[PDB]
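K.L.:
Handing you a structure now.
Laboratory data are not the source of any read-out in this text; all were calculated from the coordinates shown. Using ideal geometry, Cβ is built from the backbone for each residue, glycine included, and neighbour counts are taken over all protein chains shown.
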Amino acid sequence: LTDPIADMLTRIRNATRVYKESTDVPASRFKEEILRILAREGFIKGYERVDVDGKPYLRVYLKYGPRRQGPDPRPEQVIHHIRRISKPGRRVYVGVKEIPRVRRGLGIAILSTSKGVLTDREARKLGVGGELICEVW
Amino acid sequence: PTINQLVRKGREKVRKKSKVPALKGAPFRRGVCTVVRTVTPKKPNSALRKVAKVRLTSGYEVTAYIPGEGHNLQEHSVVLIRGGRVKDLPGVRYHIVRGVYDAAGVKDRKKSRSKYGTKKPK
RNA sequence: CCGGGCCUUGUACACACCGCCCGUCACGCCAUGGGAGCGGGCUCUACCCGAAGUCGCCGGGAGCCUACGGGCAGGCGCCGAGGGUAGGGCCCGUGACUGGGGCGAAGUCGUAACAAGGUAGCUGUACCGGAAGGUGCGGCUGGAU
RNA sequence: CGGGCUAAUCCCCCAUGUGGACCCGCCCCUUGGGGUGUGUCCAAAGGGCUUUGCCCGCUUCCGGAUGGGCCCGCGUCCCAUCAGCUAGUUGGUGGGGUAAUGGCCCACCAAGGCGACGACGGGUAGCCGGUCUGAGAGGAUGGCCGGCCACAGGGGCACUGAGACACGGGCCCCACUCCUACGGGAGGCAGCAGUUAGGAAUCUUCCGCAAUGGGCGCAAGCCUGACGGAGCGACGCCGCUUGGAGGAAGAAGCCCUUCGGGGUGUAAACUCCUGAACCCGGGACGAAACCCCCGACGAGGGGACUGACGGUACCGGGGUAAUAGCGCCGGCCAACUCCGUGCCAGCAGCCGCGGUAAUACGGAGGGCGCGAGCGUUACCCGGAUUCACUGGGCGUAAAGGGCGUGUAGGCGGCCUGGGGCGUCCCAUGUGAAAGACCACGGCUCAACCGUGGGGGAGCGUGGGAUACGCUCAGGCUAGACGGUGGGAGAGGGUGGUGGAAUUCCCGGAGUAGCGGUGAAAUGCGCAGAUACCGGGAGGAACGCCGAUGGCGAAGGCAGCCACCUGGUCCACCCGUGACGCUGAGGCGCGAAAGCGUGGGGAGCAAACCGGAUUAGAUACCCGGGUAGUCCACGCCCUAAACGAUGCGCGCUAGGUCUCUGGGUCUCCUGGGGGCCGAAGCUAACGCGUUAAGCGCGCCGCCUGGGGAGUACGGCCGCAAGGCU
Ligand SMILES: [Mg+2]
Ligand SMILES: [Mg+2]
Ligand SMILES: [Mg+2]
Ligand SMILES: [Mg+2]
Ligand SMILES: [Mg+2]
Ligand SMILES: [Mg+2]
Ligand SMILES: [Mg+2]
Ligand SMILES: [Mg+2]
Ligand SMILES: [Mg+2]
Ligand SMILES: [Mg+2]
Ligand SMILES: [Mg+2]
Ligand SMILES: [Mg+2]
Ligand SMILES: [Mg+2]
Ligand SMILES: [Mg+2]
Ligand SMILES: [Mg+2]
Ligand SMILES: [Mg+2]
Ligand SMILES: [Mg+2]
Ligand SMILES: [Mg+2]
Ligand SMILES: [Mg+2]
Ligand SMILES: [Mg+2]
Ligand SMILES: [Mg+2]
Ligand SMILES: [Mg+2]
Ligand SMILES: [Mg+2]
Ligand SMILES: [Mg+2]
Ligand SMILES: [Mg+2]
Ligand SMILES: [Mg+2]
Ligand SMILES: [Mg+2]
Ligand SMILES: [Mg+2]
Ligand SMILES: [Mg+2]
Ligand SMILES: [Mg+2]
Ligand SMILES: [Mg+2]
Ligand SMILES: [Mg+2]
Ligand SMILES: [Mg+2]
Ligand SMILES: [Mg+2]
Ligand SMILES: [Mg+2]
Ligand SMILES: [Mg+2]
Ligand SMILES: [Mg+2]
Ligand SMILES: [Mg+2]
Ligand SMILES: [Mg+2]
Ligand SMILES: [Mg+2]
Ligand SMILES: [Mg+2]
Ligand SMILES: [Mg+2]
Ligand SMILES: [Mg+2]
Ligand SMILES: [Mg+2]
Ligand SMILES: [Mg+2]
Ligand SMILES: [Mg+2]
Ligand SMILES: [Mg+2]
Ligand SMILES: [Mg+2]
Ligand SMILES: [Mg+2]
Ligand SMILES: [Mg+2]
Ligand SMILES: [Mg+2]
Ligand SMILES: [Mg+2]
Ligand SMILES: [Mg+2]
Ligand SMILES: [Mg+2]
Ligand SMILES: [Mg+2]
Ligand SMILES: [Mg+2]
Ligand SMILES: [Mg+2]
Ligand SMILES: [Mg+2]
Ligand SMILES: [Mg+2]
Ligand SMILES: [Mg+2]
Ligand SMILES: [Mg+2]
Ligand SMILES: [Mg+2]
Ligand SMILES: [Mg+2]
Ligand SMILES: [Mg+2]
Ligand SMILES: [Mg+2]
Ligand SMILES: [Mg+2]
Ligand SMILES: [Mg+2]
Ligand SMILES: [Mg+2]
Ligand SMILES: [Mg+2]
Ligand SMILES: [Mg+2]
Ligand SMILES: [Mg+2]
Ligand SMILES: [Mg+2]
Ligand SMILES: [Mg+2]
Ligand SMILES: [Mg+2]
Ligand SMILES: [Mg+2]
Ligand SMILES: [Mg+2]
Ligand SMILES: [Mg+2]
Ligand SMILES: [Mg+2]
Ligand SMILES: [Mg+2]
Ligand SMILES: [Mg+2]
Ligand SMILES: [Mg+2]
Ligand SMILES: [Mg+2]
Ligand SMILES: [Mg+2]
Ligand SMILES: [Mg+2]
Ligand SMILES: [Mg+2]
Ligand SMILES: [Mg+2]
Ligand SMILES: [Mg+2]
Ligand SMILES: [Mg+2]
Ligand SMILES: [Mg+2]
Ligand SMILES: [Mg+2]
Ligand SMILES: [Mg+2]
Ligand SMILES: [Mg+2]
Ligand SMILES: [Mg+2]
Ligand SMILES: [Mg+2]
Ligand SMILES: [Mg+2]
Ligand SMILES: [Mg+2]
Ligand SMILES: [Mg+2]
Ligand SMILES: [Mg+2]
Ligand SMILES: [Mg+2]
Ligand SMILES: [Mg+2]
Ligand SMILES: [Mg+2]
Ligand SMILES: [Mg+2]
Ligand SMILES: [Mg+2]
Ligand SMILES: [Mg+2]
Ligand SMILES: [Mg+2]
Ligand SMILES: [Mg+2]
Ligand SMILES: [Mg+2]
Ligand SMILES: [Mg+2]
Ligand SMILES: [Mg+2]
Ligand SMILES: [Mg+2]
Ligand SMILES: [Mg+2]
Ligand SMILES: [Mg+2]
Ligand SMILES: [Mg+2]
Ligand SMILES: [Mg+2]
Ligand SMILES: [Mg+2]
Ligand SMILES: [Mg+2]
Ligand SMILES: [Mg+2]
Ligand SMILES: [Mg+2]
Ligand SMILES: [Mg+2]
Ligand SMILES: [Mg+2]
Ligand SMILES: [Mg+2]
Ligand SMILES: [Mg+2]
Ligand SMILES: [Mg+2]
Ligand SMILES: [Mg+2]
Ligand SMILES: [Mg+2]
Ligand SMILES: [Mg+2]
Ligand SMILES: [Mg+2]
Ligand SMILES: [Mg+2]
Ligand SMILES: [Mg+2]
Ligand SMILES: [Mg+2]
């Protein structure tokens, strides 16, 4: 496997469309540190460090919107969108000034930094930048 | 394609193919007629259009379509041309300019005179 | 066999099969290529001669200045723009004739493909043929029933 | 040319050496930096005023200051149809030379240097600030102004010199032209105007040093085609005028009409008012310094001369209704009717207008838009999201390489530590000014110009943080590889081999037709065929099994046997411990046809002959029949080589069928082969755990159709022909 991060993200985005109460991912302090952000902002319900037939994991507990009428009653997504940015094919790096603001302020972009993973706003608050992990809403 | 490839082969800034080569990047080239006559067009039209074949200071020699009605063009007539083809007449890519050189504008013409080198009556 | 009705199917037809369309030969205009060659540009190699000029040796059988263990003139040499001989490389233009191609069209021959287009079609090659094309070997279905 | 004379801030020797140059030694430093000591070398210039002092100069040595030279790092266009280049070529020792490193030059030793990170060759072009376009990233561009570079008719050279290898200096050569008294000489606008030629086209052979700036001089002053202005040109931008107010239910003319009317039209006429230009008077800012007076030639304070533009702008008084032209009117795209015409004469940027009722040509009426402008052509960006980093795509619309193996490269799973390359933050130097951007200020505005303000990317210096990338080291086992035991299979190769049928030969028997078609005919048959029996020879393909099946990366592989060998799957969860994916190049495989050599040759079968159908039938059907289809060794390397779907991994309901495994045997789990379908995608048809769904990595590929997979060049090949 090339990029677990997008894979991680991918796994999520793949279940949120099918409406899974939870889902699993191979573990890594970095993946976790990420996920740490993804409930403190509220896209997820949180994660717990599970463990499959001998191997560590991160069953993420998923959050979705409310049931609806009309013909398509399926609950709107919390994470409307989640796509990788900086990649192995094209590593993407930003200075504090050139840090984007997701969807006019309704979304975020997880950033790896010398001062821990941050959100688009947390960095600007801490006054730094780094490898744009992804943008999500 | 891969970003790598775009790094290796980049993308091709396709250029333009000029449509008036006989000009040599110039807006107007003088010529001297050689075959003053008429030319039928391809379908769906029918007529006898007024063509002018001209040799140029650019060395070339091209058909130039004579606009308007009634002219004064015959062999050895000093002339000037301009860019502009005549869709229906293959073999013609450029225009001639009335009221210039051994070419005179249209007679008893009152409208859009500029495009037909014809000064002002009373 | 003629006309019509409904369902389905295929269709490159919609001016609707009195459709659409392919090829050779005919005529007209343009354009590229091949071609015994000719014409010019650029560039490379080797060799002969070689101006001014710096540089290196000699300055005596021998002129001048002395600043006389020297200086100038003057002589020899290496390099040397370039000129010449010869042979290669590349590109542009031009050329009897020639090969196909494009557009025009209201001609001539036939009617290959589009319907089971009347031999299912296409395809690679190979052969043949006035031409679209036919056929042999194998392959795909983008083949109707 | 020569002979002879003379001055100096010209040239030469000697002396004096603060000082500076060189050698050798030594301290420090660290590349040839500074200090130190002995031997050696070297300076010079006078002129003028009011005269024992001043000013200007002259000599050396240190430093400052500015202007430079050389060197480095990263960045800088198009073609790979340029893939190899290189002998001063790369390095060294030693000398020359320069202000100085250097192969910049010579000699000798060595054999080395550059290149898919695109060397070498070709084409093009002067780069940057900026300029235009652009939402931006980006594209195009480099005139004007500012900086740097390179050239001074085409080439070479050195002298002078602080400095050049010098545009209006010099030496020579070439090309060109001119002068001439015919023996011989000269010249170089790419300086300001100007001529000639070429072109679509680019101006005055004007005024002046008043300003600014420059050289020379103590100063006065001189030179000044730099510079300041005038003129020409609608070339672009800005500003202004061709008038303003009143003015009929509305003159004439002109266009339309359904003949009542409609439109031009507040437009004019005429009334009043205002007053562009043109007349006179006045008339500048720019111009305060150098210099002269006192003082001290200085600080400071007083004194005059000077204006090219120019009698111009500008100020005052007075005062004339005083140019409108162009494009467009079928849709895009704002603006409508009438005649003429009749696929004719014509417009056209695209789709398209016209063939007797044209909103599309021409004219006119009227109308639309700008307005001393209006339009066209040319070229650049835009729209073009149509080379897509932002920001596209490859099942059928153009595009997956025929398939594999593998180099470079790109990319890379969990955990810990060091370093701190990318990466991020702060500080800081540079990032000239002009311009762009905000504020304001002067020409009565604006265009133009001035003042201040406000940033960045990029790289140089120091410090810091460590998430991800990377690197060094230590562990792990979830990817991969492997061990034990098995299983299925037209996987591939060699050698043997088994039966049915077709063809011919031989033998027996037998008679009037067989064969063939939609029907017929050629053809074969009394020289005994067809159908039968028997024996023999030869070649090729393997009936049922067999199938929506299986294997293979692909093409492809099918009677039976054995041998040699590959890939692959399942289980146990034994070992190595990221060893991995991808793969431009390269290499190998590659159905049929085709080629070469030597065999083989029954059936079939291109070309060929014949018989028929047809108007014709160089074809479809029939009778013969050569290569070839078969084997061996070589090539050939293409295709509807298809799933028109590249390979690996991870994530995303299931249902039914089938192949082969494992289990516990109801059923559960692995791997393949089909079918319908969750969500989702998709232009639709369709795909959907064998994706064409959500994703990550890497390769190939597309950029309208035809021309054309053609030409040229290069490679491959015996050729046909293949690749690009
Ligand atoms: Mg991005
Ligand atoms: Mg017509
Ligand atoms: Mg001419
Ligand atoms: Mg004439
Ligand atoms: Mg044009
Ligand atoms: Mg007009
Ligand atoms: Mg019927
Ligand atoms: Mg019915
Ligand atoms: Mg039907
Ligand atoms: Mg018919
Ligand atoms: Mg012809
Ligand atoms: Mg030719
Ligand atoms: Mg020649
Ligand atoms: Mg010789
Ligand atoms: Mg010589
Ligand atoms: Mg000499
Ligand atoms: Mg020579
Ligand atoms: Mg030579
Ligand atoms: Mg010569
Ligand atoms: Mg056919
Ligand atoms: Mg037919
Ligand atoms: Mg047919
Ligand atoms: Mg064929
Ligand atoms: Mg022939
Ligand atoms: Mg045939
Ligand atoms: Mg067949
Ligand atoms: Mg096949
Ligand atoms: Mg197929
Ligand atoms: Mg079909
Ligand atoms: Mg004397
Ligand atoms: Mg001395
Ligand atoms: Mg020098
Ligand atoms: Mg050299
Ligand atoms: Mg040697
Ligand atoms: Mg490189
Ligand atoms: Mg390239
Ligand atoms: Mg340029
Ligand atoms: Mg220009
Ligand atoms: Mg300049
Ligand atoms: Mg030169
Ligand atoms: Mg010169
Ligand atoms: Mg010249
Ligand atoms: Mg010269
Ligand atoms: Mg000179
Ligand atoms: Mg120079
Ligand atoms: Mg000159
Ligand atoms: Mg001149
Ligand atoms: Mg001329
Ligand atoms: Mg001028
Ligand atoms: Mg002056
Ligand atoms: Mg002055
Ligand atoms: Mg004086
Ligand atoms: Mg005087
Ligand atoms: Mg002078
Ligand atoms: Mg100037
Ligand atoms: Mg009025
Ligand atoms: Mg006056
Ligand atoms: Mg003044
Ligand atoms: Mg007045
Ligand atoms: Mg008036
Ligand atoms: Mg217009
Ligand atoms: Mg119009
Ligand atoms: Mg109409
Ligand atoms: Mg418009
Ligand atoms: Mg309209
Ligand atoms: Mg018109
Ligand atoms: Mg159309
Ligand atoms: Mg009409
Ligand atoms: Mg104006
Ligand atoms: Mg364009
Ligand atoms: Mg637009
Ligand atoms: Mg864009
Ligand atoms: Mg697209
Ligand atoms: Mg296609
Ligand atoms: Mg394929
Ligand atoms: Mg590798
Ligand atoms: Mg990693
Ligand atoms: Mg680490
Ligand atoms: Mg670092
Ligand atoms: Mg600036
Ligand atoms: Mg103001
Ligand atoms: Mg400013
Ligand atoms: Mg800005
Ligand atoms: Mg900065
Ligand atoms: Mg730093
Ligand atoms: Mg670390
Ligand atoms: Mg790496
Ligand atoms: Mg390790
Ligand atoms: Mg495993
Ligand atoms: Mg294994
Ligand atoms: Mg036979
Ligand atoms: Mg017998
Ligand atoms: Mg028998
Ligand atoms: Mg069968
Ligand atoms: Mg099968
Ligand atoms: Mg174990
Ligand atoms: Mg171990
Ligand atoms: Mg591989
Ligand atoms: Mg083959
Ligand atoms: Mg074969
Ligand atoms: Mg042969
Ligand atoms: Mg032969
Ligand atoms: Mg043979
Ligand atoms: Mg035979
Ligand atoms: Mg036959
Ligand atoms: Mg015949
Ligand atoms: Mg016949
Ligand atoms: Mg025949
Ligand atoms: Mg036969
Ligand atoms: Mg043969
Ligand atoms: Mg043959
Ligand atoms: Mg063969
Ligand atoms: Mg053969
Ligand atoms: Mg190939
Ligand atoms: Mg198939
Ligand atoms: Mg497959
Ligand atoms: Mg294909
Ligand atoms: Mg793909
Ligand atoms: Mg079983
Ligand atoms: Mg299955
Ligand atoms: Mg389905
Ligand atoms: Mg659905
Ligand atoms: Mg998509
Ligand atoms: Mg599969
Ligand atoms: Mg591939
Ligand atoms: Mg084209
Ligand atoms: Mg094309
Ligand atoms: Mg081909
Ligand atoms: Mg060729
Ligand atoms: Mg070819």
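K.L.:
Determine the principal axes of the Cα atoms in the stretch B:43-109, then give the extent along each, sorted from largest to smallest and rounded to whole angstroms.
P.N.:
34, 34, 20
K.L.:
Pairwise over distinct Cα atoms, reciprocal of the mean inverse distance: report the Kirkwood radius of the protein assembly as shown in Å, one decimal place.
P.N.:
About 25.3 Å for the protein assembly as shown.
K.L.:
Nearest 5 percent is fine: what portion of the DSSP beta bridges confined to chain B is antiparallel?
P.N.:
Of all bridge pairs located within chain B, approximately 85 percent are antiparallel.
K.L.:
Let me ask something additional. Roughly speaking, what is the centre-to-centre gap between the stretch A:92-137 and the stretch B:72-119 when only Cα atoms are used, to the nearest Å?
P.N.:
Distance between centres, Cα-based: 65 Å.
K.L.:
Further question: To one decimal place, what Kirkwood hydrodynamic radius in Å is obtained for chain B from all pairs of distinct Cα atoms?
P.N.:
About 16.4 Å for chain B.
K.L.:
For chain A, what does -39500 (n - 2.57) per DSSP helix run (n ≥ 4), summed and divided by total residues, give at 222 nm, in deg cm²/dmol to the nearest 500?
P.N.:
After summing the helix terms and dividing by the residues of chain A, the value is -7000 deg cm²/dmol.
K.L.:
Another one. What ranking, highest mean first, results for peptides B:32-41, B:76-85 when packing means the other Cβ atoms within 10 Å averaged over each residue?
P.N.:
The most tightly packed comes first, giving B:76-85, B:32-41.
K.L.:
Angle between the Cα long axis of helix A:29-40 and the longest principal axis of chain A, 0 to 90 degrees, nearest 10?
P.N.:
Taking the Cα atoms of chain A, the angle to A:29-40 is about 70 degrees.
K.L.:
Give the distance, in whole Å, between the Cα centre of the stretch B:4-49 and the Cα centre of the stretch A:15-86.
P.N.:
What the calculation gives is 61 Å, centre to centre.
K.L.:
Scaled to the compact-protein estimate 2.2 N^0.38 Å, what is the alpha-carbon radius of gyration of the stretch A:5-46, rounded to two decimal places?
P.N.:
Against the empirical 2.2 N^0.38 Å value, I get 1.09 for the stretch A:5-46.
K.L.:
A follow-up question, please. Taking all pairs of distinct Cα atoms, average 1/r, flip it, and tell me the Kirkwood hydrodynamic radius of the stretch A:25-137 in Å to one decimal place.
P.N.:
15.4 Å
K.L.:
Using the Karplus curve 6.51 cos²θ - 1.76 cosθ + 1.60 with θ = phi - 60°, what ³J(HN,Hα) values do you get for each residue of the stretch B:77-82, in whole Hz, with x for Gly and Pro?
P.N.:
Karplus-based 3J(HN,Hα) across the stretch B:77-82 equals 7, 4, 8, 10, 10, 7 Hz.
K.L.:
Also, quick follow-up: Spin-label point model (7 Å from Cα, Cβ direction): what's the A:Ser28 to A:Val96 distance in nm?
P.N.:
2.9 nm
K.L.:
So, one more: Roughly what angle does helix A:4-16 make with the longest principal axis of chain A, taking Cα atoms, 0 to 90 degrees, to the nearest 10?
P.N.:
30 degrees
K.L.:
For the stretch B:34-103, which GluC sites (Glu not before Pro) are both in a DSSP coil and crowded by at most 15 other Cβ atoms within 10 Å?
P.N.:
Those satisfying the criteria are B:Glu69, B:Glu75.
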